[PDB]
Amino acid sequence: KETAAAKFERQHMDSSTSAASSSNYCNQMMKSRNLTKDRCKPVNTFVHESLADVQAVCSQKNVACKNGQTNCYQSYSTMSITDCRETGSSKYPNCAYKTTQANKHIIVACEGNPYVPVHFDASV
């Protein structure tokens, strides 16, 4: 099985671009990151910053997670992100996503030693 940290990296990291290229960014990325394999993952955020910068969020502002856990952290600075969400015409295996590029603070839950992101909670 995938470690929690590796799954976060696969689902949420895109350090190769500074921002979403086009309207087709999400369709391309959701597919290549294997998030459309058995089903269409309905919502997924990619972060366009270095892994180091995202990992550093675990030592930033400690905040509650949406679910009530206390191991979430909000980035002090805004980061380049792309929100990917299924559209109305999306039907597995023909997954279709809307691509929304933005610059926001990210909030992640962190766990482990080393203490690293294991879940993407939200952006603000």
# chains A, B, ... in the order shown; residues from 1 in each chain; ligands from 1
>>> select_by_dssp(residues="region 49-93 of chain A", states="helix (DSSP H, G or I)", output="list in words")
residues 51, 52, 53, 54, 55, 56, 57, 58 and 59 of chain A
>>> residues_around(residues="region 80-87 of chain A", least_positions_apart="4", cutoff="10 Å", atoms="only C-alpha atoms", output="PyMOL selection string")
chain A and resi 12-15+17-20+25-27+29-30+40-49+91+95-106+123
>>> write_last_selection(atoms="N, CA, C and O atoms", output="short mmCIF file (atom, residue, chain, number, x, y, z; two decimals), in the first residue's frame")
data_model
loop_
_atom_site.label_atom_id
_atom_site.label_comp_id
_atom_site.auth_asym_id
_atom_site.auth_seq_id
_atom_site.Cartn_x
_atom_site.Cartn_y
_atom_site.Cartn_z
N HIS A 12 -1.53 15.68 -4.58
CA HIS A 12 -1.58 17.12 -4.35
C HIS A 12 -0.38 17.97 -4.80
O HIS A 12 -0.45 19.20 -4.79
N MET A 13 0.72 17.34 -5.22
CA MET A 13 1.90 18.13 -5.58
C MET A 13 2.08 18.29 -7.10
O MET A 13 2.10 17.31 -7.84
N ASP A 14 2.20 19.53 -7.56
CA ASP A 14 2.65 19.76 -8.94
C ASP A 14 3.65 20.90 -9.01
O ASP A 14 3.30 22.03 -9.36
N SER A 15 4.89 20.59 -8.67
CA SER A 15 5.95 21.59 -8.63
C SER A 15 6.52 21.88 -10.03
O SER A 15 7.39 22.74 -10.17
N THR A 17 5.00 23.05 -12.72
CA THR A 17 4.44 24.23 -13.36
C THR A 17 4.15 25.28 -12.30
O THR A 17 3.89 24.93 -11.14
N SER A 18 4.20 26.55 -12.67
CA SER A 18 3.89 27.61 -11.71
C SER A 18 2.37 27.79 -11.57
O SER A 18 1.90 28.35 -10.58
N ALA A 19 1.62 27.30 -12.54
CA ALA A 19 0.15 27.40 -12.52
C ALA A 19 -0.44 26.55 -13.63
O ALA A 19 0.27 26.14 -14.54
N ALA A 20 -1.75 26.31 -13.55
CA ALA A 20 -2.47 25.54 -14.57
C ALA A 20 -2.29 26.15 -15.96
O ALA A 20 -2.46 27.36 -16.15
N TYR A 25 -5.90 21.24 -18.04
CA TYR A 25 -4.95 20.86 -16.99
C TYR A 25 -5.48 19.73 -16.11
O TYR A 25 -4.82 18.70 -15.95
N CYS A 26 -6.69 19.89 -15.57
CA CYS A 26 -7.23 18.91 -14.63
C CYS A 26 -7.51 17.56 -15.28
O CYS A 26 -7.20 16.52 -14.71
N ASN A 27 -8.11 17.57 -16.46
CA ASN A 27 -8.35 16.32 -17.17
C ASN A 27 -7.05 15.55 -17.33
O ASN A 27 -7.00 14.34 -17.09
N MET A 29 -4.07 15.97 -15.61
CA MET A 29 -3.45 15.63 -14.33
C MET A 29 -4.21 14.59 -13.51
O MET A 29 -3.59 13.72 -12.87
N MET A 30 -5.54 14.67 -13.50
CA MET A 30 -6.33 13.69 -12.74
C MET A 30 -6.08 12.31 -13.32
O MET A 30 -6.06 11.33 -12.58
N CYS A 40 -13.97 8.33 -10.91
CA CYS A 40 -13.58 9.74 -11.01
C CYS A 40 -13.52 10.33 -9.62
O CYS A 40 -14.55 10.48 -8.97
N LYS A 41 -12.32 10.67 -9.15
CA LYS A 41 -12.23 11.38 -7.88
C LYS A 41 -12.95 12.72 -8.07
O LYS A 41 -12.65 13.45 -9.00
N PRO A 42 -13.93 13.01 -7.21
CA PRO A 42 -14.80 14.16 -7.51
C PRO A 42 -14.12 15.52 -7.34
O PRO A 42 -14.36 16.41 -8.16
N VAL A 43 -13.29 15.68 -6.31
CA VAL A 43 -12.61 16.96 -6.05
C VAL A 43 -11.15 16.73 -5.69
O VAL A 43 -10.86 15.82 -4.92
N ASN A 44 -10.24 17.54 -6.24
CA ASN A 44 -8.82 17.39 -5.93
C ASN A 44 -8.03 18.66 -6.21
O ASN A 44 -8.16 19.26 -7.27
N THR A 45 -7.20 19.07 -5.25
CA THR A 45 -6.41 20.29 -5.41
C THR A 45 -4.95 19.95 -5.63
O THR A 45 -4.39 19.13 -4.90
N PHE A 46 -4.35 20.58 -6.64
CA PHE A 46 -2.91 20.51 -6.88
C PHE A 46 -2.22 21.80 -6.43
O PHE A 46 -2.74 22.89 -6.63
N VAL A 47 -1.04 21.66 -5.82
CA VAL A 47 -0.30 22.81 -5.32
C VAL A 47 0.95 23.03 -6.16
O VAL A 47 1.75 22.12 -6.33
N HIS A 48 1.10 24.24 -6.72
CA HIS A 48 2.24 24.52 -7.60
C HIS A 48 3.35 25.23 -6.84
O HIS A 48 3.67 26.39 -7.13
N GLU A 49 3.89 24.56 -5.84
CA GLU A 49 5.01 25.09 -5.08
C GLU A 49 5.97 23.93 -4.88
O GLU A 49 5.64 22.80 -5.23
N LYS A 91 -18.79 11.35 -16.29
CA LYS A 91 -19.35 10.03 -16.01
C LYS A 91 -18.28 8.97 -16.25
O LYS A 91 -17.82 8.80 -17.38
N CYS A 95 -14.22 10.67 -17.33
CA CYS A 95 -14.13 11.72 -16.33
C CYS A 95 -13.89 13.06 -17.00
O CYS A 95 -13.12 13.15 -17.97
N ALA A 96 -14.55 14.10 -16.50
CA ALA A 96 -14.38 15.45 -17.03
C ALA A 96 -14.29 16.43 -15.87
O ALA A 96 -15.13 16.42 -14.96
N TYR A 97 -13.27 17.29 -15.90
CA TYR A 97 -13.02 18.21 -14.80
C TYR A 97 -12.99 19.68 -15.23
O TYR A 97 -12.50 20.02 -16.31
N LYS A 98 -13.51 20.54 -14.35
CA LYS A 98 -13.31 21.99 -14.44
C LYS A 98 -12.00 22.35 -13.75
O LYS A 98 -11.72 21.84 -12.65
N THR A 99 -11.21 23.20 -14.38
CA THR A 99 -9.91 23.63 -13.84
C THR A 99 -10.04 25.05 -13.31
O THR A 99 -10.36 25.96 -14.07
N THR A 100 -9.79 25.26 -12.02
CA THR A 100 -9.80 26.61 -11.45
C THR A 100 -8.46 26.93 -10.79
O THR A 100 -8.12 26.37 -9.75
N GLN A 101 -7.71 27.83 -11.42
CA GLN A 101 -6.42 28.29 -10.89
C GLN A 101 -6.65 29.44 -9.90
O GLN A 101 -7.49 30.31 -10.12
N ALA A 102 -5.90 29.43 -8.79
CA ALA A 102 -6.02 30.50 -7.80
C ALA A 102 -4.76 30.59 -6.95
O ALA A 102 -3.90 29.70 -6.98
N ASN A 103 -4.64 31.68 -6.23
CA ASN A 103 -3.60 31.81 -5.24
C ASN A 103 -4.19 31.98 -3.90
O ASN A 103 -4.79 32.97 -3.67
N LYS A 104 -4.03 31.01 -3.04
CA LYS A 104 -4.63 30.95 -1.73
C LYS A 104 -3.72 30.32 -0.67
O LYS A 104 -2.76 29.68 -0.98
N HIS A 105 -4.11 30.45 0.58
CA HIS A 105 -3.46 29.76 1.64
C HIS A 105 -3.91 28.32 1.56
O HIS A 105 -5.05 28.09 1.20
N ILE A 106 -3.03 27.36 1.81
CA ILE A 106 -3.48 25.98 1.87
C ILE A 106 -3.55 25.54 3.32
O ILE A 106 -2.84 26.09 4.18
N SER A 123 -8.46 25.24 1.06
CA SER A 123 -7.70 26.42 0.82
C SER A 123 -8.54 27.63 1.24
O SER A 123 -9.72 27.58 1.27
#
>>> closest_residue(among="A:51, A:108, A:57, A:63", to="residue 75 (chain A)", atoms="only C-alpha atoms")
A:57
>>> select_by_dssp(residues="chain A", states="strand (DSSP E)", output="MDAnalysis selection string")
chainID A and resid 43:47 61:63 72:74 79:86 97:104 106:111 116:123
>>> write_last_selection(atoms="C-alpha atoms", output="CSV table (one decimal), in the first residue's frame")
chain,number,residue,atom,x,y,z
A,43,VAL,CA,-12.6,17.0,-6.1
A,44,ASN,CA,-8.8,17.4,-5.9
A,45,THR,CA,-6.4,20.3,-5.4
A,46,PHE,CA,-2.9,20.5,-6.9
A,47,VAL,CA,-0.3,22.8,-5.3
A,61,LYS,CA,-0.1,28.1,11.7
A,62,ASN,CA,-1.8,25.4,13.7
A,63,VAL,CA,-5.6,25.4,13.0
A,72,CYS,CA,-4.0,21.0,10.6
A,73,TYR,CA,-1.8,23.9,9.5
A,74,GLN,CA,-2.5,26.9,7.4
A,79,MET,CA,0.4,29.5,-2.8
A,80,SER,CA,-0.4,28.8,-6.5
A,81,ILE,CA,-3.0,26.1,-6.6
A,82,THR,CA,-5.4,24.5,-9.0
A,83,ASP,CA,-8.8,23.1,-7.9
A,84,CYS,CA,-10.1,20.2,-10.1
A,85,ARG,CA,-13.8,19.3,-9.8
A,86,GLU,CA,-16.0,17.0,-11.9
A,97,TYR,CA,-13.0,18.2,-14.8
A,98,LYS,CA,-13.3,22.0,-14.4
A,99,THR,CA,-9.9,23.6,-13.8
A,100,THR,CA,-9.8,26.6,-11.5
A,101,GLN,CA,-6.4,28.3,-10.9
A,102,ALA,CA,-6.0,30.5,-7.8
A,103,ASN,CA,-3.6,31.8,-5.2
A,104,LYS,CA,-4.6,30.9,-1.7
A,106,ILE,CA,-3.5,26.0,1.9
A,107,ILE,CA,-4.5,24.0,4.9
A,108,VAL,CA,-3.1,20.5,5.4
A,109,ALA,CA,-3.1,17.9,8.1
A,110,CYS,CA,0.3,16.6,9.1
A,111,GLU,CA,1.4,13.3,10.7
A,116,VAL,CA,4.7,15.9,6.8
A,117,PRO,CA,1.4,16.6,5.0
A,118,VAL,CA,-1.0,13.6,4.8
A,119,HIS,CA,-4.3,15.2,3.9
A,120,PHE,CA,-5.4,18.4,2.0
A,121,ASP,CA,-8.1,20.0,4.0
A,122,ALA,CA,-9.0,23.3,2.3
A,123,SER,CA,-7.7,26.4,0.8
>>> closest_residue(among="A:1, A:22, A:35, A:115", to="residue 59 (chain A)", atoms="only C-alpha atoms")
A:115
>>> closest_residue(among="A:11, A:37, A:112, A:66", to="residue 92 (chain A)", atoms="only C-alpha atoms")
A:37
>>> atom_distance(atom1="CA of residue 6 (chain A)", atom2="CA of residue 64 (chain A)")
22.8 Å
